[PDB]
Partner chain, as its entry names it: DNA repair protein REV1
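Only one chain is included here, represented as structure tokens and corresponding to the form solved without its partner chain.
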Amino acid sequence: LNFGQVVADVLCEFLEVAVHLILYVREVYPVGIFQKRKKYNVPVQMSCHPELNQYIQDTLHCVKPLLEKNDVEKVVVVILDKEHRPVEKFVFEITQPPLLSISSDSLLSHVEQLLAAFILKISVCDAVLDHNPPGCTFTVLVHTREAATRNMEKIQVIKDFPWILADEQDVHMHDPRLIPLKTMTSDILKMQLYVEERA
């Protein structure tokens, strides 16, 4: 029984709710494709668009074995303008502790209450961010840890869904404004979520 995979599974489920919500509150897509729902006992917005939904799953399906190996240091939802320049980064900094501790108190009730706080902060972040320009799009950047091997082999999990190395323009953001959202430390997961925004 591999608890590093349990942790990968909680993170991928949560990262899916979180991408969907980010796309909502940053209005990356039209509002009508979203349905209000509850996850982590808290309101969220999930897209009902089939291929957007398939694209987010394929992305996260590819990330998940790196998560199970603790080989991922950040997962970044980056939002691009009509000119392919980053306007916002949503940085999920993730580290499993050196040894996972698994309580029988209620391991998953608790991590879910801690994840719920990340969702709530995402909801109210449009109260402090500048409205995005029209025609913005998104992508997902994965930063791996230094002792990680042939990531571009381990990460290509899905048949016709290649991964590449990003360019400097994909990620360039000279002197951004930093917006912390939430931080958690659990026996299984240390996670930071903050937003970098273009000056």
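C-alpha atoms forming the largest set that superposes within 1.5 Å between two forms make up the rigid core. Residue numbers count along the first chain shown, from 1.
For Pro86, does the count of other compared entries lacking it reach at least a third? No: coordinates for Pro86 present in every compared entry.
Among the other compared PDB entries, is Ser101 dropped in a third or more? Yes, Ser101 lacks coordinates in at least a third of the other compared entries that model both of its neighbours.
Could you check the entry and say whether 67-75 or 80-88 has the higher mean CA B-factor? According to the PDB entry, the answer is 80-88.
Do the C-alpha atoms of 96-104 or of 113-121 have the higher average B factor in the entry? Averaged over C-alpha atoms, the B-factors run higher in 96-104.
Return the residue from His131, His61, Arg37, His49 that has the highest Cα B-factor in the entry. The C-alpha B-factor peaks, among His131, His61, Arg37, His49, at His131.
If you rank the chain by CA B-factor, which third does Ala147 end up in: lowest, middle or highest? Highest third - that is where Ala147 ends up once the chain's C-alpha B-factors are sorted.
Position of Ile56 among the chain's modelled residues by C-alpha B-factor, lowest, middle or highest third: As the PDB entry reports it, the C-alpha B-factor of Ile56 lands in the lowest third of its chain.
Please say which third, lowest, middle or highest, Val44 falls into when its CA temperature factor is compared across its chain. According to the entry, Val44 has a C-alpha B-factor in the chain's lowest third.
Split into thirds by Cα B-factor across the chain's modelled residues, where does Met173 land: lowest, middle or highest? Its C-alpha B-factor belongs to the highest third of this chain's values.
Chain third (lowest, middle, highest) by recorded CA B-factor, residue given as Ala166: Its C-alpha B-factor belongs to the highest third of this chain's values.
The form solved in complex with its partner chain exists for this protein as well; it is not shown, and the discussion that follows is about that form.
Does any heavy atom of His20 come within 4.5 Å of a heavy atom of its partner chain in the bound PDB entry? Outside the cut-off, so no.
Residue contact check: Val128 to its partner chain in the bound PDB entry, 4.5 Å heavy atom: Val128: contacts its partner chain in the bound PDB entry.
Does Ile179 reach its partner chain in the bound PDB entry if we count a contact as any heavy atom within 4.5 Å? It does: once its partner chain is placed as it appears in the bound PDB entry, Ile179 has a heavy atom within 4.5 Å of it.
Any residue of 106-123 with a heavy atom within 4.5 Å of its partner chain in the bound PDB entry counts; write them all down in order. Read in sequence order, no residue approaches its partner chain (within 4.5 Å, in the bound PDB entry).
Rigid core superposition between this form and the one not shown: residue from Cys48, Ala147, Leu165, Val31 with Cα shift of 2 Å or more: After core superposition, the one over threshold is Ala147.
Which way does the C-alpha gap of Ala147 and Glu168 go in the bound PDB entry, closer or farther, given it changes by 3 angstroms or more? Compared with the shown chain, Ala147-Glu168 is closer in the bound PDB entry.
Regarding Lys190 and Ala148, go with closer or farther for their CA spacing in the bound PDB entry versus this form, the difference being 3 Å or more. Relative to this form, farther apart in the bound PDB entry.
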